[PDB]
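Chemist: Contents are TSV, C-alpha atoms; file name data-v8.tsv:
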```
chain	number	residue	atom	x	y	z
A	2	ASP	CA	0.00	0.00	0.00
A	3	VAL	CA	1.01	3.62	-0.60
A	4	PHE	CA	-0.02	6.89	1.06
A	5	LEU	CA	-0.15	10.09	-0.98
A	6	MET	CA	-1.23	13.73	-0.78
A	7	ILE	CA	-3.24	14.74	-3.85
A	8	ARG	CA	-2.53	18.48	-4.01
A	9	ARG	CA	-4.25	21.10	-6.16
A	10	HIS	CA	-3.60	24.81	-5.44
A	11	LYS	CA	-4.64	25.09	-1.74
A	12	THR	CA	-6.43	21.70	-1.67
A	13	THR	CA	-4.72	18.64	-0.19
A	14	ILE	CA	-6.33	15.19	0.09
A	15	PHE	CA	-4.93	12.41	2.27
A	16	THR	CA	-5.71	8.93	0.94
A	17	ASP	CA	-4.13	5.50	0.52
A	18	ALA	CA	-3.54	3.37	-2.57
A	19	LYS	CA	-1.31	0.53	-3.81
A	20	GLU	CA	1.76	0.35	-6.03
A	21	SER	CA	-0.40	-1.70	-8.41
A	22	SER	CA	-3.16	0.94	-8.47
A	23	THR	CA	-3.33	2.71	-11.83
A	24	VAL	CA	-3.57	6.44	-12.51
A	25	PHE	CA	-7.16	6.16	-13.74
A	26	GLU	CA	-8.16	4.35	-10.55
A	27	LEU	CA	-6.66	7.20	-8.53
A	28	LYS	CA	-8.74	9.64	-10.60
A	29	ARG	CA	-11.79	7.61	-9.53
A	30	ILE	CA	-11.31	8.36	-5.83
A	31	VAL	CA	-10.42	11.98	-6.65
A	32	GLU	CA	-13.94	12.22	-8.07
A	33	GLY	CA	-15.19	10.64	-4.84
A	34	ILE	CA	-13.94	13.63	-2.83
A	35	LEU	CA	-13.78	16.55	-5.26
A	36	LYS	CA	-16.71	15.34	-7.44
A	37	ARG	CA	-14.92	16.00	-10.74
A	38	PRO	CA	-14.63	13.71	-13.78
A	39	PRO	CA	-11.44	11.75	-14.57
A	40	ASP	CA	-11.67	13.21	-18.09
A	41	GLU	CA	-10.82	16.62	-16.58
A	42	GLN	CA	-8.00	15.40	-14.31
A	43	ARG	CA	-4.25	15.62	-14.97
A	44	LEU	CA	-2.01	13.95	-12.40
A	45	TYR	CA	1.68	14.78	-12.12
A	46	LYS	CA	4.87	13.40	-10.58
A	47	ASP	CA	7.18	16.40	-10.12
A	48	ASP	CA	5.83	18.16	-13.23
A	49	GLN	CA	6.34	14.94	-15.19
A	50	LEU	CA	2.69	14.06	-16.00
A	51	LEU	CA	1.17	10.61	-15.47
A	52	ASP	CA	-0.47	8.25	-17.96
A	53	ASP	CA	-3.87	6.79	-17.09
A	54	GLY	CA	-2.66	3.24	-17.78
A	55	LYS	CA	0.60	3.19	-15.84
A	56	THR	CA	0.81	2.07	-12.21
A	57	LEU	CA	2.15	3.97	-9.22
A	58	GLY	CA	5.18	1.67	-9.13
A	59	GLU	CA	5.85	2.46	-12.79
A	60	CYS	CA	5.42	6.18	-12.03
A	61	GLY	CA	8.08	6.00	-9.30
A	62	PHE	CA	5.76	5.95	-6.29
A	63	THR	CA	6.77	3.17	-3.89
A	64	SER	CA	5.70	1.98	-0.45
A	65	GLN	CA	9.06	3.09	0.98
A	66	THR	CA	8.61	6.57	-0.54
A	67	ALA	CA	4.84	6.82	0.18
A	68	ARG	CA	4.62	6.27	3.94
A	69	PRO	CA	1.72	6.94	6.33
A	70	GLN	CA	3.97	9.35	8.24
A	71	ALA	CA	5.36	10.95	5.05
A	72	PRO	CA	3.00	10.65	2.07
A	73	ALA	CA	4.18	11.26	-1.48
A	74	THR	CA	2.90	14.39	-3.19
A	75	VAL	CA	1.02	14.06	-6.48
A	76	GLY	CA	0.22	17.03	-8.69
A	77	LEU	CA	-3.30	17.72	-9.89
A	78	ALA	CA	-4.90	20.06	-12.41
A	79	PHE	CA	-8.43	20.28	-13.82
A	80	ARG	CA	-9.76	20.83	-17.35
A	81	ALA	CA	-12.18	23.77	-17.12
A	82	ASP	CA	-14.23	24.52	-20.25
A	83	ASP	CA	-12.20	21.94	-22.20
A	84	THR	CA	-8.84	23.53	-21.33
A	85	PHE	CA	-6.41	21.85	-18.95
A	86	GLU	CA	-5.01	24.00	-16.15
A	87	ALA	CA	-1.27	24.42	-15.66
A	88	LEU	CA	0.38	22.88	-12.61
A	89	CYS	CA	-0.01	25.31	-9.71
A	90	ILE	CA	0.46	23.85	-6.22
A	91	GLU	CA	0.41	26.44	-3.44
A	92	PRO	CA	3.47	25.98	-1.20
A	93	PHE	CA	2.85	25.42	2.48
A	94	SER	CA	3.88	28.15	4.90
A	95	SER	CA	7.59	28.28	5.65
A	96	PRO	CA	8.52	27.48	9.26
A	97	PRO	CA	10.26	30.17	11.33
A	98	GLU	CA	13.96	30.37	12.07
A	99	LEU	CA	15.35	27.93	14.62
A	100	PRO	CA	15.84	29.48	18.08
A	101	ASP	CA	19.42	29.62	19.31
A	102	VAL	CA	18.49	27.21	22.11
A	103	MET	CA	18.06	24.61	19.34
B	17	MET	CA	-16.91	10.02	4.70
B	18	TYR	CA	-14.38	12.86	4.60
B	19	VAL	CA	-13.82	16.00	6.66
B	20	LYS	CA	-12.08	19.20	5.57
B	21	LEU	CA	-9.54	20.88	7.86
B	22	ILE	CA	-8.55	24.44	6.90
B	23	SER	CA	-5.37	26.08	8.19
B	24	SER	CA	-4.80	29.73	9.09
B	25	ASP	CA	-3.12	30.64	5.78
B	26	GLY	CA	-6.01	29.25	3.70
B	27	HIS	CA	-4.74	25.76	2.87
B	28	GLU	CA	-7.48	23.12	2.92
B	29	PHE	CA	-6.84	19.53	4.02
B	30	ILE	CA	-9.43	16.84	3.24
B	31	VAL	CA	-9.04	13.81	5.51
B	32	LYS	CA	-11.22	10.89	6.53
B	33	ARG	CA	-13.55	11.52	9.46
B	34	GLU	CA	-12.15	8.47	11.28
B	35	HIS	CA	-8.65	9.95	11.11
B	36	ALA	CA	-9.82	13.42	12.20
B	37	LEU	CA	-11.66	12.03	15.24
B	38	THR	CA	-8.29	10.89	16.59
B	39	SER	CA	-8.21	14.43	18.02
B	40	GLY	CA	-10.61	14.94	20.91
B	41	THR	CA	-10.71	18.66	20.14
B	42	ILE	CA	-11.72	18.10	16.51
B	43	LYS	CA	-14.46	15.66	17.55
B	44	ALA	CA	-16.17	18.32	19.67
B	45	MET	CA	-15.78	20.92	16.91
B	46	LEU	CA	-17.23	18.58	14.28
B	47	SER	CA	-20.17	17.68	16.56
B	56	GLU	CA	-19.81	24.64	8.18
B	57	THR	CA	-20.86	21.01	7.71
B	58	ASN	CA	-17.86	18.66	7.96
B	59	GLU	CA	-15.58	21.72	7.94
B	60	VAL	CA	-13.27	23.05	10.66
B	61	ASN	CA	-11.23	26.26	10.57
B	62	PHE	CA	-8.07	26.55	12.69
B	63	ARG	CA	-6.94	30.13	13.32
B	64	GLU	CA	-3.60	29.38	15.03
B	65	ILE	CA	-2.31	26.39	13.04
B	66	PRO	CA	-0.38	27.22	9.80
B	67	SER	CA	-0.45	24.93	6.76
B	68	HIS	CA	2.98	23.36	7.31
B	69	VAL	CA	1.87	22.33	10.82
B	70	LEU	CA	-1.64	21.17	9.97
B	71	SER	CA	-0.23	19.08	7.12
B	72	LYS	CA	1.96	17.22	9.61
B	73	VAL	CA	-0.98	16.67	11.99
B	74	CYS	CA	-2.92	14.94	9.21
B	75	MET	CA	0.13	12.75	8.61
B	76	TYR	CA	-0.01	11.80	12.29
B	77	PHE	CA	-3.69	10.86	11.98
B	78	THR	CA	-2.85	8.62	9.02
B	79	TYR	CA	0.15	7.23	10.92
B	80	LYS	CA	-1.89	6.81	14.11
B	81	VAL	CA	-4.79	4.96	12.47
B	82	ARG	CA	-2.42	2.87	10.35
B	83	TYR	CA	-0.19	1.44	13.08
B	84	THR	CA	-2.66	1.36	15.98
B	85	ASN	CA	-3.55	-2.22	16.95
B	86	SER	CA	-1.29	-3.69	14.26
B	87	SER	CA	1.39	-6.36	14.39
B	88	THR	CA	3.43	-4.59	11.69
B	89	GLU	CA	6.67	-3.06	12.95
B	90	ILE	CA	5.96	0.51	14.06
B	91	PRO	CA	8.30	3.11	12.50
B	92	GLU	CA	9.39	6.34	14.11
B	93	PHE	CA	7.14	9.30	13.39
B	94	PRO	CA	9.43	12.01	11.94
B	95	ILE	CA	9.31	15.61	13.19
B	96	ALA	CA	11.68	18.15	11.67
B	97	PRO	CA	13.36	20.53	14.16
B	98	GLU	CA	11.89	23.57	12.38
B	99	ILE	CA	8.29	22.50	13.03
B	100	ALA	CA	8.84	20.86	16.44
B	101	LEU	CA	7.51	23.69	18.61
B	102	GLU	CA	4.52	24.54	16.43
B	103	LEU	CA	3.46	20.89	16.25
B	104	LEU	CA	3.77	20.65	20.04
B	105	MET	CA	1.49	23.66	20.50
B	106	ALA	CA	-1.00	22.32	17.95
B	107	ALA	CA	-0.82	18.85	19.53
B	108	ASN	CA	-1.43	20.28	23.00
B	109	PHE	CA	-4.47	22.17	21.73
B	110	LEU	CA	-5.78	19.22	19.69
B	111	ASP	CA	-5.25	16.51	22.36
B	112	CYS	CA	-4.02	13.96	19.83
C	61	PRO	CA	5.52	-4.30	47.11
C	62	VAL	CA	3.46	-5.68	44.21
C	63	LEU	CA	5.44	-5.19	40.99
C	64	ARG	CA	8.40	-7.41	41.84
C	65	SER	CA	9.98	-10.54	40.44
C	66	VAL	CA	9.43	-13.86	42.22
C	67	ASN	CA	12.45	-15.93	43.24
C	68	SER	CA	11.11	-19.01	41.45
C	69	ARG	CA	14.48	-20.50	40.45
C	70	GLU	CA	12.70	-22.02	37.44
C	71	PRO	CA	14.86	-21.35	34.35
C	72	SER	CA	13.17	-19.74	31.35
C	73	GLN	CA	14.81	-18.99	28.00
C	74	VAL	CA	13.96	-15.67	26.35
C	75	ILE	CA	15.01	-13.91	23.15
C	76	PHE	CA	15.00	-10.13	23.54
C	77	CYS	CA	14.21	-8.98	19.99
C	78	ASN	CA	14.58	-5.23	19.45
C	79	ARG	CA	12.10	-4.42	16.67
C	80	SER	CA	12.32	-0.66	17.33
C	81	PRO	CA	14.51	2.13	15.93
C	82	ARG	CA	15.62	2.89	19.49
C	83	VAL	CA	18.49	1.65	21.61
C	84	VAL	CA	16.66	-0.53	24.12
C	85	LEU	CA	17.41	-0.61	27.84
C	86	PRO	CA	16.17	-3.85	29.46
C	87	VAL	CA	15.14	-3.26	33.07
C	88	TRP	CA	14.74	-6.09	35.58
C	89	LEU	CA	12.59	-5.40	38.63
C	90	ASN	CA	14.49	-7.26	41.35
C	91	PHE	CA	12.78	-9.16	44.16
C	92	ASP	CA	12.42	-5.90	46.13
C	93	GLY	CA	10.51	-4.24	43.28
C	94	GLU	CA	13.48	-1.98	42.44
C	95	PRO	CA	14.40	-1.58	38.74
C	96	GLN	CA	17.83	-2.92	37.81
C	97	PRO	CA	19.37	-1.84	34.47
C	98	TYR	CA	20.71	-4.56	32.17
C	99	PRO	CA	22.88	-4.43	29.01
C	100	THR	CA	21.42	-2.47	26.11
C	101	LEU	CA	20.31	-3.81	22.73
C	102	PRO	CA	21.09	-1.82	19.54
C	103	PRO	CA	18.18	-1.29	17.13
C	104	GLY	CA	17.37	-4.30	14.98
C	105	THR	CA	19.27	-6.81	17.14
C	106	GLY	CA	18.30	-9.78	19.26
C	107	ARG	CA	19.94	-11.66	22.11
C	108	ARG	CA	19.14	-15.00	23.73
C	109	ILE	CA	19.11	-14.32	27.47
C	110	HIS	CA	18.53	-16.46	30.57
C	111	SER	CA	15.75	-15.41	32.95
C	112	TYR	CA	13.36	-17.17	35.35
C	113	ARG	CA	9.62	-17.69	35.57
C	114	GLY	CA	7.67	-14.91	37.25
C	115	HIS	CA	10.42	-12.32	36.75
C	116	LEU	CA	9.21	-8.87	35.69
C	117	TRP	CA	10.84	-7.05	32.77
C	118	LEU	CA	10.21	-3.63	31.26
C	119	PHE	CA	11.94	-1.96	28.32
C	120	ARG	CA	12.92	1.66	27.74
C	121	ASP	CA	14.91	3.87	25.40
C	122	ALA	CA	18.49	3.77	26.68
C	123	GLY	CA	19.06	7.48	26.01
C	124	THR	CA	15.74	9.15	26.82
C	125	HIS	CA	14.04	6.46	28.95
C	126	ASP	CA	10.97	6.73	26.71
C	127	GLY	CA	8.65	3.81	27.36
C	128	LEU	CA	8.63	0.90	24.92
C	129	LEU	CA	6.25	-2.00	24.40
C	130	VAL	CA	7.08	-5.70	24.72
C	131	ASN	CA	4.73	-8.22	23.07
C	132	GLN	CA	2.21	-5.37	22.64
C	133	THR	CA	2.21	-4.73	26.43
C	134	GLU	CA	4.43	-2.87	28.90
C	135	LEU	CA	5.49	-5.64	31.32
C	136	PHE	CA	6.99	-8.95	30.20
C	137	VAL	CA	7.08	-11.98	32.51
C	138	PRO	CA	8.83	-15.11	31.17
C	139	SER	CA	6.87	-18.35	31.17
C	140	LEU	CA	8.11	-21.93	31.24
C	141	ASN	CA	9.35	-23.06	27.84
C	142	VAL	CA	7.70	-25.71	25.67
C	143	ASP	CA	9.29	-28.04	23.09
C	144	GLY	CA	12.64	-26.32	23.62
C	145	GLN	CA	11.23	-23.19	21.95
C	146	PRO	CA	12.32	-19.82	23.41
C	147	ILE	CA	9.92	-17.13	24.59
C	148	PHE	CA	10.08	-14.15	22.24
C	149	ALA	CA	10.02	-10.70	23.86
C	150	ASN	CA	9.30	-8.46	20.86
C	151	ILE	CA	10.29	-4.93	21.88
C	152	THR	CA	8.45	-2.38	19.75
C	153	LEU	CA	7.94	1.34	19.48
C	154	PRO	CA	4.54	2.45	20.84
C	155	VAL	CA	2.23	4.64	18.81
C	156	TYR	CA	2.92	7.72	20.91
C	157	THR	CA	0.48	10.58	21.05
C	158	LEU	CA	1.51	13.47	18.82
C	159	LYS	CA	2.12	15.56	21.94
C	160	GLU	CA	4.40	12.99	23.59
C	161	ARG	CA	6.33	12.51	20.35
C	162	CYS	CA	6.61	16.30	20.05
C	163	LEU	CA	7.98	16.52	23.59
C	164	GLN	CA	10.54	13.78	22.86
C	165	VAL	CA	11.87	15.68	19.85
C	166	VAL	CA	12.00	19.01	21.68
C	167	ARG	CA	13.78	17.43	24.66
C	168	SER	CA	16.50	16.15	22.31
C	169	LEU	CA	17.04	19.56	20.66
C	170	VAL	CA	17.00	21.96	23.64
C	171	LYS	CA	19.14	21.65	26.75
C	172	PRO	CA	16.99	21.21	29.88
C	173	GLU	CA	18.36	24.48	31.30
C	174	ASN	CA	16.91	26.31	28.26
C	175	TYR	CA	13.38	24.85	28.07
C	176	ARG	CA	11.90	28.04	29.53
C	177	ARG	CA	13.37	30.25	26.77
C	178	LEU	CA	10.94	28.78	24.21
C	179	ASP	CA	7.77	30.52	22.98
C	180	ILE	CA	5.22	28.11	24.47
C	181	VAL	CA	2.67	28.10	27.30
C	182	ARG	CA	3.93	27.65	30.86
C	183	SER	CA	2.02	24.36	31.07
C	184	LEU	CA	4.33	22.99	28.36
C	185	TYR	CA	7.47	23.87	30.36
C	186	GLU	CA	6.30	21.49	33.09
C	187	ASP	CA	5.46	18.86	30.47
C	188	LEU	CA	8.90	19.21	28.87
C	189	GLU	CA	10.56	19.02	32.29
C	190	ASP	CA	8.49	15.91	33.16
C	191	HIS	CA	11.00	13.48	31.70
C	192	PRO	CA	9.96	9.82	31.36
C	193	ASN	CA	11.36	7.56	34.05
C	194	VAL	CA	10.82	3.99	35.20
C	195	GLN	CA	9.63	4.95	38.68
C	196	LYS	CA	6.83	7.06	37.18
C	197	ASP	CA	5.37	4.17	35.17
C	198	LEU	CA	5.71	1.61	37.97
C	199	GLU	CA	3.33	3.74	40.05
C	200	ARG	CA	0.69	3.55	37.31
C	201	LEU	CA	1.07	-0.22	36.95
C	202	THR	CA	0.98	-0.96	40.69
C	203	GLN	CA	-2.27	0.96	41.28
C	204	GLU	CA	-4.05	-0.92	38.46
```
Could you quickly redo this structure as structure tokens?
Modeler:
Amino acid sequence: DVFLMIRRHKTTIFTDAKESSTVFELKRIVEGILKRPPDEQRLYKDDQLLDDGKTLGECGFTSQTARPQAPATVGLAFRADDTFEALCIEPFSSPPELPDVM
Amino acid sequence: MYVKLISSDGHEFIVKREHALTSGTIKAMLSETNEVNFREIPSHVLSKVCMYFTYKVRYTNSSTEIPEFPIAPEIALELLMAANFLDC
Amino acid sequence: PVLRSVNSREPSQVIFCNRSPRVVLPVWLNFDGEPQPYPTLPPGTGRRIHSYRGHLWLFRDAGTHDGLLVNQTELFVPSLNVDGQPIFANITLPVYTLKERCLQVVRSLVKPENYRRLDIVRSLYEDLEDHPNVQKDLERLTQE
């Protein structure tokens, strides 16, 4: 099994899958939460793009890299009005500087 | 059944209700619909809390070897304050 | 006392198996109920040790004294062997609360003399200064 964060702008989804799970199957559950069609979904692996037929293991996602305590990030973009959006994942807030006592 | 947790900087985290109810504080807040807004918890901290919920539910009552839960030094204090407020 | 080994003199063979990322400190409660430290086990190692039936064992992190689980519980008492098969004491990391895990990490990064220079509530200073120790947990176990 694999654990991933499906990120899209300021939207992050925590869910679990398997190395054998295919990209299209992941788009199925994305519709289960975001209620959007797989036709208008574009998954990414570090701005590499993912094919609907390939598996997570083939895309580089592995159980040792997709942990419950450290899920693997997957890009997402949606096709609005028959035009796919460009990858835009909002970065999380940066932590503050480390106090001298650390 | 999913629940959305929203941080102070606007980031939205959608997690299973089971995982969210790990926190006693969130359970009382949950009972908008299936939405909770945290005013003091930034995104980089709330993201790590959701990882704990996934880690907690995963390895609780399991015979699989339990790995260490990682906490970077930068986010240690903020996670502690969020954890103390969330009771998780 | 109550939590104390029994001088049974009945040999029992045990394999301490450290299935945790921590350096494990085996602690033997002697017949007076007083913890007695034993040699440590590096992470991912196992040793065949000689103990006796009715003897109480608990397991801790050698460096921080964080509590560890053995066979999914906290206290391990060897039982008489069967078919020449050893008793496995599987030492494992607990699923700590997020708060306790947070305190562990902070304690390792800040010297104890500098806990109160951190930007946190005063209640957390006491929590940080409340280091895990064996005597603390024996009190909980005795009363239950």
Chemist: Work out how far atom CA of residue 178 of chain C is from atom CA of residue 96 of chain A, in Å to one decimal.
Modeler: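 Atom-to-atom, atom CA of residue 96 of chain A to atom CA of residue 178 of chain C, that is 15.2 Å.
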Chemist: Counting all atoms listed in the file, collect the residues of chain C whose closest atom lies at most 12 Å from chain A, and write them out as a JSON list (two decimals) with C-alpha atoms, keeping the file's coordinate frame.
Modeler:
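The result, stored in iface_38.json:
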```json
[["chain", "number", "residue", "atom", "x", "y", "z"],
["C", 155, "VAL", "CA", 2.23, 4.64, 18.81],
["C", 158, "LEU", "CA", 1.51, 13.47, 18.82],
["C", 165, "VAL", "CA", 11.87, 15.68, 19.85],
["C", 166, "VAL", "CA", 12.00, 19.01, 21.68],
["C", 167, "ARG", "CA", 13.78, 17.43, 24.66],
["C", 168, "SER", "CA", 16.50, 16.15, 22.31],
["C", 169, "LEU", "CA", 17.04, 19.56, 20.66],
["C", 170, "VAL", "CA", 17.00, 21.96, 23.64],
["C", 171, "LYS", "CA", 19.14, 21.65, 26.75],
["C", 172, "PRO", "CA", 16.99, 21.21, 29.88],
["C", 173, "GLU", "CA", 18.36, 24.48, 31.30],
["C", 174, "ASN", "CA", 16.91, 26.31, 28.26],
["C", 175, "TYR", "CA", 13.38, 24.85, 28.07],
["C", 176, "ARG", "CA", 11.90, 28.04, 29.53],
["C", 177, "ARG", "CA", 13.37, 30.25, 26.77],
["C", 178, "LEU", "CA", 10.94, 28.78, 24.21],
["C", 179, "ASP", "CA", 7.77, 30.52, 22.98]]
```
Chemist: May I have the residues at most 12 Å from (-13.2, 15.9, -11.3) in the file's coordinates, counting all atoms listed in the file, as a CSV table (one decimal) with C-alpha atoms, keeping the file's coordinate frame?
Modeler:
```
chain,number,residue,atom,x,y,z
A,9,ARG,CA,-4.2,21.1,-6.2
A,25,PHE,CA,-7.2,6.2,-13.7
A,27,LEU,CA,-6.7,7.2,-8.5
A,28,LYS,CA,-8.7,9.6,-10.6
A,29,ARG,CA,-11.8,7.6,-9.5
A,30,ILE,CA,-11.3,8.4,-5.8
A,31,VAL,CA,-10.4,12.0,-6.6
A,32,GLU,CA,-13.9,12.2,-8.1
A,33,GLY,CA,-15.2,10.6,-4.8
A,34,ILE,CA,-13.9,13.6,-2.8
A,35,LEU,CA,-13.8,16.6,-5.3
A,36,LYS,CA,-16.7,15.3,-7.4
A,37,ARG,CA,-14.9,16.0,-10.7
A,38,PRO,CA,-14.6,13.7,-13.8
A,39,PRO,CA,-11.4,11.8,-14.6
A,40,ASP,CA,-11.7,13.2,-18.1
A,41,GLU,CA,-10.8,16.6,-16.6
A,42,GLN,CA,-8.0,15.4,-14.3
A,43,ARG,CA,-4.2,15.6,-15.0
A,44,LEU,CA,-2.0,14.0,-12.4
A,77,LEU,CA,-3.3,17.7,-9.9
A,78,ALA,CA,-4.9,20.1,-12.4
A,79,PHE,CA,-8.4,20.3,-13.8
A,80,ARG,CA,-9.8,20.8,-17.4
A,81,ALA,CA,-12.2,23.8,-17.1
A,85,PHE,CA,-6.4,21.8,-19.0
```
Chemist: Counting all atoms listed in the file, what are the residues of chain B within 12 Å of chain C, and for each of them which pair of atoms is the nearest and at what distance in Å, to one decimal? Sort the table by chain and rising number, as JSON lines.
Modeler:
```
{"residue": "B:38", "atom": "CA", "partner": "C:157", "partner_atom": "CA", "distance": 9.8}
{"residue": "B:39", "atom": "CA", "partner": "C:158", "partner_atom": "CA", "distance": 9.8}
{"residue": "B:40", "atom": "CA", "partner": "C:157", "partner_atom": "CA", "distance": 11.9}
{"residue": "B:69", "atom": "CA", "partner": "C:158", "partner_atom": "CA", "distance": 11.9}
{"residue": "B:72", "atom": "CA", "partner": "C:158", "partner_atom": "CA", "distance": 10.0}
{"residue": "B:73", "atom": "CA", "partner": "C:158", "partner_atom": "CA", "distance": 7.9}
{"residue": "B:74", "atom": "CA", "partner": "C:158", "partner_atom": "CA", "distance": 10.7}
{"residue": "B:75", "atom": "CA", "partner": "C:158", "partner_atom": "CA", "distance": 10.3}
{"residue": "B:76", "atom": "CA", "partner": "C:158", "partner_atom": "CA", "distance": 6.9}
{"residue": "B:77", "atom": "CA", "partner": "C:158", "partner_atom": "CA", "distance": 9.0}
{"residue": "B:78", "atom": "CA", "partner": "C:155", "partner_atom": "CA", "distance": 11.7}
{"residue": "B:79", "atom": "CA", "partner": "C:155", "partner_atom": "CA", "distance": 8.6}
{"residue": "B:80", "atom": "CA", "partner": "C:155", "partner_atom": "CA", "distance": 6.6}
{"residue": "B:81", "atom": "CA", "partner": "C:155", "partner_atom": "CA", "distance": 9.5}
{"residue": "B:82", "atom": "CA", "partner": "C:155", "partner_atom": "CA", "distance": 9.8}
{"residue": "B:83", "atom": "CA", "partner": "C:155", "partner_atom": "CA", "distance": 7.0}
{"residue": "B:84", "atom": "CA", "partner": "C:155", "partner_atom": "CA", "distance": 6.5}
{"residue": "B:85", "atom": "CA", "partner": "C:132", "partner_atom": "CA", "distance": 8.7}
{"residue": "B:86", "atom": "CA", "partner": "C:132", "partner_atom": "CA", "distance": 9.2}
{"residue": "B:87", "atom": "CA", "partner": "C:132", "partner_atom": "CA", "distance": 8.3}
{"residue": "B:88", "atom": "CA", "partner": "C:152", "partner_atom": "CA", "distance": 9.7}
{"residue": "B:89", "atom": "CA", "partner": "C:79", "partner_atom": "CA", "distance": 6.7}
{"residue": "B:90", "atom": "CA", "partner": "C:153", "partner_atom": "CA", "distance": 5.8}
{"residue": "B:91", "atom": "CA", "partner": "C:81", "partner_atom": "CA", "distance": 7.2}
{"residue": "B:92", "atom": "CA", "partner": "C:81", "partner_atom": "CA", "distance": 6.9}
{"residue": "B:93", "atom": "CA", "partner": "C:161", "partner_atom": "CA", "distance": 7.7}
{"residue": "B:94", "atom": "CA", "partner": "C:161", "partner_atom": "CA", "distance": 9.0}
{"residue": "B:95", "atom": "CA", "partner": "C:165", "partner_atom": "CA", "distance": 7.1}
{"residue": "B:96", "atom": "CA", "partner": "C:165", "partner_atom": "CA", "distance": 8.5}
{"residue": "B:97", "atom": "CA", "partner": "C:169", "partner_atom": "CA", "distance": 7.5}
{"residue": "B:98", "atom": "CA", "partner": "C:166", "partner_atom": "CA", "distance": 10.4}
{"residue": "B:99", "atom": "CA", "partner": "C:162", "partner_atom": "CA", "distance": 9.5}
{"residue": "B:100", "atom": "CA", "partner": "C:162", "partner_atom": "CA", "distance": 6.2}
{"residue": "B:101", "atom": "CA", "partner": "C:166", "partner_atom": "CA", "distance": 7.2}
{"residue": "B:102", "atom": "CA", "partner": "C:180", "partner_atom": "CA", "distance": 8.8}
{"residue": "B:103", "atom": "CA", "partner": "C:162", "partner_atom": "CA", "distance": 6.7}
{"residue": "B:104", "atom": "CA", "partner": "C:162", "partner_atom": "CA", "distance": 5.2}
{"residue": "B:105", "atom": "CA", "partner": "C:180", "partner_atom": "CA", "distance": 7.0}
{"residue": "B:106", "atom": "CA", "partner": "C:159", "partner_atom": "CA", "distance": 8.4}
{"residue": "B:107", "atom": "CA", "partner": "C:159", "partner_atom": "CA", "distance": 5.0}
{"residue": "B:108", "atom": "CA", "partner": "C:159", "partner_atom": "CA", "distance": 6.0}
{"residue": "B:109", "atom": "CA", "partner": "C:159", "partner_atom": "CA", "distance": 9.3}
{"residue": "B:110", "atom": "CA", "partner": "C:159", "partner_atom": "CA", "distance": 9.0}
{"residue": "B:111", "atom": "CA", "partner": "C:159", "partner_atom": "CA", "distance": 7.4}
{"residue": "B:112", "atom": "CA", "partner": "C:158", "partner_atom": "CA", "distance": 5.6}
```
Chemist: Using all atoms listed in the file, find the one residue out of A:57, A:73, A:24, A:88 that sits nearest to chain B.
Modeler: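 Between A:57, A:73, A:24, A:88, the residue approaching chain B most closely is A:73.
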Chemist: If we count only C-alpha atoms and set the cut-off at 9 Å, which residues sit around residue 68 of chain A, ignoring sequence neighbours fewer than 2 positions away in its own chain? Please answer as a tab-separated table (two decimals) with C-alpha atoms, in the coordinates of the input.
Modeler:
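The resulting file, out31.tsv, is shown below:
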```tsv
chain	number	residue	atom	x	y	z
A	2	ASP	CA	0.00	0.00	0.00
A	3	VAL	CA	1.01	3.62	-0.60
A	4	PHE	CA	-0.02	6.89	1.06
A	5	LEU	CA	-0.15	10.09	-0.98
A	63	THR	CA	6.77	3.17	-3.89
A	64	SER	CA	5.70	1.98	-0.45
A	65	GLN	CA	9.06	3.09	0.98
A	66	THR	CA	8.61	6.57	-0.54
A	70	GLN	CA	3.97	9.35	8.24
A	71	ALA	CA	5.36	10.95	5.05
A	72	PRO	CA	3.00	10.65	2.07
A	73	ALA	CA	4.18	11.26	-1.48
B	79	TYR	CA	0.15	7.23	10.92
```
Chemist: Just the number, please: distance in Å from atom CA of residue 46 of chain B to atom CA of residue 91 of chain A, one decimal.
Modeler: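 Between atom CA of residue 46 of chain B and atom CA of residue 91 of chain A the gap works out to 26.2 Å.
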Chemist: Between atom CA of residue 26 of chain A and atom CA of residue 7 of chain A, what is the spacing in Å?
Modeler: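 Value for the atom CA of residue 7 of chain A-atom CA of residue 26 of chain A distance: 13.3 Å.
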Chemist: Using all atoms listed in the file, find the residues of chain A whose closest atom to chain B is at most 8 Å away, then write them as a PyMOL selection string.
Modeler: chain A and resi 11-16+34+69-72+93-99
Chemist: Could you give me, as a list in words, the residues within 8 Å of residue 137 of chain C, counting all atoms listed in the file and dropping anything in the same chain fewer than 3 positions from it?
Modeler: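 Contacts, with the query itself left out: residues 113, 114, 115, 116 and 117 of chain C.
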Chemist: Given only C-alpha atoms as the basis, pick out the residue of C:103, C:61, C:144, C:95 nearest to residue 196 of chain C.
Modeler: C:95
